[PDB]
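Given next are the chains, with one letter for each unit.
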Amino acid sequence: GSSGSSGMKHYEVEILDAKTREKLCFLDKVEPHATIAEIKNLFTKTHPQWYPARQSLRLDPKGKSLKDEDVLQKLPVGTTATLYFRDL
């Protein structure tokens with residue numbers, strides 16, 4: 001049933017691969033004002049061994065590398081943002 005439930009209006013960011021486009025990490029608790037830079041930090045939480053200096057995010061698999069400047073609210077995306085990872 002329902003028996004009461006807490007609703008979170010957080011952002012949904014599914015970090016997929018730029019090759020196999022396979023779900024690597026799902027952050028449904030990201031802030032809108034959070035800058036790309038912060039995004040990286042998160043992914044690190046779970047996997048500390050993986051540093052940001054590597055994790056390469058890109059709005060598209062055939063575009064360019066994203067920059068902190070960009071924001072989950074400034075980007076040409078909505079509540080559900082999609083980022084592509086690229087092995088360095």
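The rules behind each value
Residues numbered from 1 in each chain as written, not as in the entry; some residues may be left out. Heavy atoms only, no water. Core = buried A, V, L, I, M, F, W, Y, C linked by side-chain atoms within 4.5 Å. Buried < 20%, exposed > 50% of the residue type's maximum accessible area, 1.4 Å probe, protein only. Helix = DSSP H or I, 4+ residues; strand = E, 2+ residues; numbered from the N terminus. Contact = heavy atoms within 4.5 Å. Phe/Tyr/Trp six-rings, centres within 6.5 Å; stacked < 30°, edge-to-face > 60°. Pairing = 2+ DSSP bridges. Axes fitted to C-alpha atoms, helices over the stretch in contact; angles between N-to-C directions.

- Regarding how it was determined, this PDB entry cites solution NMR in its header.

- Looking at the PDB entry, one finds the chain named Synaptic glycoprotein SC2, with Homo sapiens as its source organism.

**So, the nonpolar core**
So, point 1. In terms of nonpolar packing, the biggest core is built from 17 residues, with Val-13, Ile-15, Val-30, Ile-39, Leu-57, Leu-72 and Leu-83 touching the most fellow members.
So, point 2. Among the secondary structure elements, those contributing two or more residues to this core are β1 (11-17), β2 (25-30), α1 (36-46) and β4 (80-85).
So, point 3. Not counting chain neighbours up to four residues away, the residues in contact with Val-13 comprise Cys-25, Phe-26, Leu-27, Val-30, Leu-72, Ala-81 and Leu-83.

**Describing the environment of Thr-79**
So, point 1. In this structure, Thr-79 sits in the loop between β3 (57-58) and β4.
So, point 2. What makes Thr-79 partly exposed here is its relative accessible area of 49%.
So, point 3. Residues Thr-79 and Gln-49 lie 30 residues apart in sequence; the distance between their C-alpha atoms is 29 Å.
So, point 4. The residues contacting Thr-79, other than those within four sequence positions of it, are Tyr-11 and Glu-12.

**A word on unusual backbone geometry**
So, point 1. In this model, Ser-3 sits at a positive phi of 35°, which is unusual for a non-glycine residue.
So, point 2. Note that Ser-3 resides in the segment before β1.
So, point 3. Residue classification places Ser-3 among the exposed positions, given a relative accessible area of 79%.
So, point 4. Phi angles above zero are rare outside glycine, and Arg-21 is one such case at about 40°.
So, point 5. By the secondary structure assignment, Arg-21 is in the loop between β1 and β2.

**Remarks on the packing of aromatic side chains**
So, point 1. A complete count under the given rule lists two aromatic pairs for this structure.
So, point 2. Ring geometry for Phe-43 versus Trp-50: centroids 5.5 Å apart, planes at 20°, classification stacked.
So, point 3. Each residue in the set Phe-43, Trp-50 and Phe-85 is aromatic and connected to the rest through ring pairs, giving one cluster.

**As for the pairing of β1**
Every other side chain in a regular strand lies on the same face of the sheet, so the side chains alternate between the two faces.
So, point 1. With six of its seven residues buried, β1 lies for the most part within the structure.
So, point 2. Two strands pair when backbone bridges link them, and β1 and β4 are joined in this way by six bridges, in the parallel orientation. Across the sheet, the residue bridging to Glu-14 is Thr-82, located in β4.

**Quick look at the sheet that holds β4**
So, point 1. Taken in spatial order, the four strands make up an open sheet running β2-β1-β4-β3, and their pairing is mixed. Strand pairing shows two members of the sheet lacking a second neighbour, β2 and β3, which therefore form its edges.
So, point 2. Strands in contact with α1 are β1, β2, β3 and β4; relative to β2, the strand with the most contacts, it is inclined by about 120°.

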